[PDB]
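The sequence lines fix the lettering, A, B, ..., with proteins before strands; numbering per chain opens at 1. Heavy-atom basis, side chains included; hydrogens, waters and symmetry copies ignored.
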Amino acid sequence: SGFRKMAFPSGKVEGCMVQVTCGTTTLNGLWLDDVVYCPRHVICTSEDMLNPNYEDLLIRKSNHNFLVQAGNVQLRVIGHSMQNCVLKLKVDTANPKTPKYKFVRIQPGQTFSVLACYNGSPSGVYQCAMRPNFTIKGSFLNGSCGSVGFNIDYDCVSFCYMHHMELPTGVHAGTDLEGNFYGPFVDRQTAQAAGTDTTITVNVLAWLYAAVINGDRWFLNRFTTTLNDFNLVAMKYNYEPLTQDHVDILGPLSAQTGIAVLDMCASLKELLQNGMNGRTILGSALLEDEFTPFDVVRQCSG
Amino acid sequence: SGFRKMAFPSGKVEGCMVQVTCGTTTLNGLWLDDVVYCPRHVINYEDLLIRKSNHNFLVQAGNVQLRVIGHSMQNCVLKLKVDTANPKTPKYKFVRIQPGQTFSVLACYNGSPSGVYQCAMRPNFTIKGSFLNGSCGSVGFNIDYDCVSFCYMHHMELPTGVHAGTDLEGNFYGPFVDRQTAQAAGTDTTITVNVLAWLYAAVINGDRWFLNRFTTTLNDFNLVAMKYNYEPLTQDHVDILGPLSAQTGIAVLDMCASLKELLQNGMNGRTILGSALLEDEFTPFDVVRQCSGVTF
Ligand SMILES: CN1C(=O)N(c2cncc3ccccc23)C(=O)[C@@]12CCOc1ccc(Cl)cc12
Ligand SMILES: [Cl-]
């Protein structure tokens, strides 16, 4: 019993964190096999932040301009290439601690763990969700660039995020491990703003099923709804549209608790209308949207 | 910017998790140097233990079986002497924590780490964890520089879904015993110094709506706090909050008047750091660590 915001154990990722220094900029790199992946903005100077020409800045760099530190050991850079917004530094040593890994690009609503690092040193681990507006509500200070988001399947680490920047609202933007940004963001200091954020509906429903599995039924009601009527109500509270894919995804939790997805949608409509009335659901006074249907099954069942 | 419930990186502890099997029971063990620490319920514990031989305890570290060469009991923890010192043993200490202190929990099943979360030792000595069958032996810890301070070992779940465990010396936190019997968590209270620390974290992150011009005496605050099932705030807590008070320019008794207004009037549709409830599982140290960037 119990329901916590749970991160994956970070050990497999900690053994990959390195410090990358180019000129005055220092940030984090991900050392997998003989390559160090880091945000390409590590090559940027003071007058380069607004309109950097990364191809032009990179061609002027030599391997010895990139200082890579793994613990108290300096790795020797023997090559460099750019792939979208990530810089790939070929090093002369394969990381002996390289786990079984994959680069996966995630969709909004998907969750992952963040290993926050400064100067190639892991300082903390927490759980995140890719917001529908493609930002993440992280916990990052200056020097956290290059910190990574990941999930762990069996013994395999799926790297899904690399931290690049903070938007003016305090939310965070970054790329997948192939350097493709999530959202309409660019690695420039030009005026950028996160779009209006919405609640991840399928995740709230998954969390309502987690509450039912943990013995909380107070929010359930005798009603059901059509998917269309639920979406008409949901959009009014800035909730993401619930698709037939989401209904299908919620099938196992529905079978386990005996509460049909559209029946759970009717509880959610009522919670949106009434609020909680001094009550909590799984120790929360707000509807939690950073647990996927997959997280609920993993945590509540195994 | 940002404020998240953040756990310590778990790598140093993951390299210590082993599976312990005795008869039909399988749970987790903590392998440090040549000893595997695990809950004694894996086996009258003196009478049950004397009937066991070393080969009755099957200890598995990855796909490698460690051979048990000795066994002794210390309070509610079983110490299995093994033939091999764990090469991954980090610099460590066994520390007993006080209620209100936080720690990271590496939840394990069959000696395999599955998740990490940040917890607080509730004033009623329980933890509001997330544990399923097989999680026994999962450990709580903090990291100070490169030293892992082991502070908790999971033993059981109470009927309310909350958890009970011991320090690494086998001494239970709270009035609990390791047996299937009628046990209940006492009435819980809010960790006041931690709520204030979290209110300072909100100020550091740009949330000031709850601030007011008012101040209070420590006595008046404790009279109000006692009414709302909040732990008494001591002069030690006020002193501990000193750095955050200096950084934000809000005296501790000034934040206490904010907390008093929040307790009597509520949030009024508003949130603080994305929460509609007053969060009490971040200590003043956690707030400073997260709002400064301390690494391990
Ligand atoms: C070099 N940068 C950088 O390290 N962060 C930051 C990341 N994450 C959290 C932070 C918190 C406090 C200050 C800066 C933080 C940025 O946002 C920034 C500086 C600001 O403009 C940009 C623009 C583009 C790009 Cl890709 C990076 C940046
Ligand atoms: Cl995804």
Using the side chain to side chain donor-acceptor pair (under 3.5 Å) rule, collect all pairs that involve residues 14-23 of chain B, keeping only residues at least two apart or in two chains. B:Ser10-B:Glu14, B:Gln19-B:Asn110, B:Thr21-B:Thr26

Main-chain N/O of A:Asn203 paired with A:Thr292 side-chain donor or acceptor, under 3.5 Å: no

If we ignore hydrogens and angles and just use 3.5 Å, is the side chain of A:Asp289 paired with the main-chain N or O of A:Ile200 as donor and acceptor? yes

Could you name each residue pair satisfying salt bridge (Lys or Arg N to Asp or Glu O under 4.0 Å) that touches residues 151-171 of chain B, not counting sequence neighbours? B:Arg96-B:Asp167

Residue pair A:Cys16 / A:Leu32: nearest heavy atoms and the distance that separates them: SG-CD2, 3.6 Å

My understanding is that only residues two or more places apart in sequence, or in another chain, count here; which of them pass ring-ring contact (aromatic ring centres under 6.0 Å, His included) with [X]?
X	result
A:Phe3	A:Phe291
B:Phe94	B:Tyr37, B:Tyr92
B:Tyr109	none

Can we say B:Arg289 and B:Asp144 salt-bridge, meaning some charged N sits less than 4.0 Å from an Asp/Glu carboxylate O? no

Hey, are B:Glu281 and B:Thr102 close enough side-chain-wise for a donor-acceptor pair under 3.5 Å? no

Going by distance alone, is a donor N or O of one side chain under 3.5 Å from an acceptor N or O of the other, for B:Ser72 and B:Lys79? no

Validation row, ring centre A:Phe150 to ring centre A:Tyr161 under 6.0 Å: no

Non-neighbouring partners of A:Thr201 that pass side chain to side chain donor-acceptor pair (under 3.5 Å), sequence neighbours left out: none

Verify ring pair (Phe, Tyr, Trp, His ring centres under 6.0 Å) between B:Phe296 and B:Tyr145, making sure each step is shown before the conclusion. CA-CA 6 Å; B:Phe296 314 94; B:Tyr145 315 112; 8.0 Å; no

Among B:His41, B:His155, B:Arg40, which residue satisfies the side chain to side chain donor-acceptor pair (under 3.5 Å) criterion with B:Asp178? B:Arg40

From B:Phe125, B:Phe176, B:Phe131, residue fulfilling ring pair (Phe, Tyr, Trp, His ring centres under 6.0 Å) relative to B:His163: B:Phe131

Do B:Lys5 and A:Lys5 pass the side-chain contact (heavy atoms from CB on, under 4.5 Å) test, and can you show the C-alpha distance, the side-chain angles, and the key distance before you say yes or no? CA-CA 8 Å; B:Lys5 192 149 286 162; A:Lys5 192 149 286 165; over 6 Å; no

